[PDB]
């Protein structure tokens, strides 16, 4: 009936112009109109049918039809540039509460922070982050970065952060973004210079994750994993990345979430999100203990 063609027509248009995997559009435009739709007469059935067909044809869980009711919640709210103090004492004080740093027994560094602010914010906090984070962990031989409570934010500072764990002179490709809505194909690299002492690329790094770890935090964890820089420990993450957009289907209670960006890591793998999968899967409460175990039993290297 008309409601099926109404959705179908909009879907094909949305896909042709937005779906990150453009190369799949020809085939999707052949199959979708070919399906047998004389069995579906309810938004729920339409969503289910098109969702089964789409996943058969794309194997991309990011592309999904859903009730408009289940369309996201709201973008995170981290420290904004327009709300950063001017006074140096207050800035150091803020940095001191944003980043929790401990030196655990056995000389293992512990770094916790629960949001990723925009790079414009990090720029103004960088001088203070030197004192709270980078200098104090210099003495340690291994570092545990706790992101179990980190609901992310903007990814704009991820490359910069990552650069503290890589070679000062290397220019490392991190990932490449392909934004369909335009022709991004932007290659993202590490920075050749950071402020404060890089932790370096040699010492052991362990990233703790939970099901609450989100957006920028997932990207950070994923990238540390994809670069073989750290061991990820904990739960599979939330699967909330900022790679899609939602498109409502006019005249219906349905919408479609479409990935508009593809994220290709330094090994050429396309990350479909849905959650970073830890190297050592344990419940979130056990992750710190696990990391310590790993550290304690690491081969003394012959």
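Numbering follows the first chain given and starts at 1.
request  = Averaging the C-alpha B factors as listed in the entry, name the stretch that ends up higher: 12 to 20 or 274 to 282.
outcome  = The stretch with the larger mean CA B-factor is 12 to 20.
ask   = Quick one: higher average CA temperature factor, 195 to 203 or 74 to 82?
value = Mean B over CA atoms: larger for 74 to 82.
query = Highest Cα B-factor in the deposition, which of 118, 114, 88, 218?
reply = Across 118, 114, 88, 218, the entry lists the biggest C-alpha B-factor for 88.
key: Residue with highest C-alpha B-factor in the PDB entry, from 239, 259, 250, 234   = Of the candidates given, the C-alpha B-factor peaks at 250.
request  = Consider only the C-alpha atoms of the modelled residues in this chain, order them by B-factor as the entry records it, and name the third containing residue 62: lowest, middle or highest.
outcome  = Lowest third, going by the recorded CA B-factors of the chain.
key: Third of the chain's Cα B-factor distribution that residue 188 belongs to, per the entry   = Middle third, going by the recorded CA B-factors of the chain.
inquiry  = Among the modelled residues of this chain, does the Cα B factor of residue 51 put it in the lowest, middle or highest third?
reply    = According to the entry, residue 51 has a C-alpha B-factor in the chain's lowest third.
ask   = By its CA B factor, does residue 180 count among the lowest, middle or highest third of the modelled residues in the chain?
value = CA B-factor rank for residue 180: highest third.
query = With respect to C-alpha B-factor, does residue 142 fall in the lowest, middle or highest third of the chain as deposited?
reply = Its C-alpha B-factor belongs to the middle third of this chain's values.
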